[PDB]
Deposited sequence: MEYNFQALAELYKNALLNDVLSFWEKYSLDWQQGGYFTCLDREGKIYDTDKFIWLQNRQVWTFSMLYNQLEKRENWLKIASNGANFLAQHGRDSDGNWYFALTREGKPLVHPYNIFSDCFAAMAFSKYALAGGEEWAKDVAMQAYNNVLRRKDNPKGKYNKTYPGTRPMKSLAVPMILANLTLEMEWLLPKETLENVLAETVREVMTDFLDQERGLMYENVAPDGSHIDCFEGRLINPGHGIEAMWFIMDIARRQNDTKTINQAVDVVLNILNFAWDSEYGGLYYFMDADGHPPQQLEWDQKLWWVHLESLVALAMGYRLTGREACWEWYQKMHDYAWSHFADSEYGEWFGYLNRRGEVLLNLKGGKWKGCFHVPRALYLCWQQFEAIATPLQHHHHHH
């Protein structure tokens, strides 16, 4: 039960390893923004700017500045992204691009709303960290675009996706200081009700990625799809929100679901959770289904640490230890820093990178910070 050693492990990994890696290798001080396409050793292999990741990195450094320590270098790193993004990130109608060239010329315009999501979250927390009022309105613009486009984010077979209420819930938390208290309260209750009613299958105790509007299943590739890590991440989002109202019943239901997903999705031959599974045991359409991904395992560490902190349930601690041994031994790279993102089913490195189009300065530092928080809270009552 060495909670204090775990707290120290996560604190040291965040401050001395992971943040250091991004500080040393990712800053584009000449043109603004960040290089995310970094190989195992931190070498740059592509200079394109993927806006999700640009915004996530602004958020991470702004958050840590605001909540942990006002280190000048963290704020300067956040500014290097925020200024670049404010100048180049949006089309004439204020919609966020998906990708730019190094110098900020637009490459890709997205159909989704997740670009706007990450922009709202980043500029909200940058506004707070930097005391930059202009960033508040950038954030508010991006946020109303998400709620406006929520119901069709992009007749025969109506379906809706878990990702939409998920990101809108967690985002609303990040927008709290800028929103009417009632608006916050309502969206939070509604998104939580939708996630726990429609996407949670009461009979199987599992989260589905896509359901009909009334929560019923549809027998098709989309309607059979399970993404173990995605559902686990949603559940700690739900825990975090339920904790605010001390809704212990909802916290415990979320923990039930996390344990169900882990028991369902663990690879008994090689260890780790599968990336995708078909709920009915049919062959998935995803060629990457059996792969072992960094964030799937990190968000599981967060959910189990948070579940144990919030409920004290022994099963969370037992699963925490099992997940810890697997994730730390397979993804963490002690020699060069940071975590590998992509392993094959056997746990072998599949892409020799620390960042890319979809991995940047976000899931790893956020998860390490959150786990540090849970174990520190466990060791030291507030």
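Trainee: Enumerate the deposited-sequence segments absent from the coordinates, judged by C-alpha atoms, in order of position.
Mentor: Coordinates drop out over 1-2, 157-164, 393-399.
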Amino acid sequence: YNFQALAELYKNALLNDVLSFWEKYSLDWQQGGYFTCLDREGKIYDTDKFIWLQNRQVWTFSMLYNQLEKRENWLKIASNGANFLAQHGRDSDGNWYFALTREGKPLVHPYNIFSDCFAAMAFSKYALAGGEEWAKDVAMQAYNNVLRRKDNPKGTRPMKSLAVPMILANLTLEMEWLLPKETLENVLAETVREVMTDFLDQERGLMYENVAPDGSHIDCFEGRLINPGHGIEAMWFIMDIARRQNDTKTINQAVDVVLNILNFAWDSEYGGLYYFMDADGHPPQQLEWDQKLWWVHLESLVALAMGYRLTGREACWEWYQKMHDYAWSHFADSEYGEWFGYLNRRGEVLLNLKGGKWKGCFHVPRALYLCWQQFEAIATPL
From here on, numbers count along this sequence of modelled residues.
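Trainee: Given the B-factors recorded for C-alpha atoms, which segment has the greater mean, 204-212 or 132-140?
Mentor: According to the PDB entry, the answer is 132-140.
Trainee: On mean C-alpha B-factor from the PDB entry, just flag whether 183-191 or 260-268 is the higher one.
Mentor: Averaged over C-alpha atoms, the B-factors run higher in 183-191.
Trainee: Quiz for you: based on the deposited Cα B-factor, which of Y111, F199, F123, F276 is highest?
Mentor: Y111 has the highest C-alpha B-factor of those listed.
Trainee: Identify, among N95, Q285, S79, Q291, the residue whose C-alpha carries the highest B-factor in the deposited PDB entry.
Mentor: In this record, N95 carries the highest C-alpha B-factor of the candidates.
Trainee: Considering only modelled residues of the same chain, in which third does the CA B-factor of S62 rank: lowest, middle or highest?
Mentor: It belongs to the middle third of the chain when residues are ordered by C-alpha B-factor.
Trainee: Name the third of the chain's ranked CA B-factors that contains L53, choosing lowest, middle or highest.
Mentor: Bottom third by C-alpha B-factor.
Trainee: Would the CA B-factor of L343 place it in the lowest, middle or highest third of its chain?
Mentor: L343: CA B-factor falls in the lowest third of its chain.
Trainee: Would you mind checking where the Cα B-factor of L68 ranks among the modelled residues of its chain, as the lowest, middle or highest third?
Mentor: For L68, the deposited C-alpha B-factor lands in the highest third.
Trainee: Lowest, middle or highest third of the chain for the C-alpha temperature factor of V255?
Mentor: Middle third.
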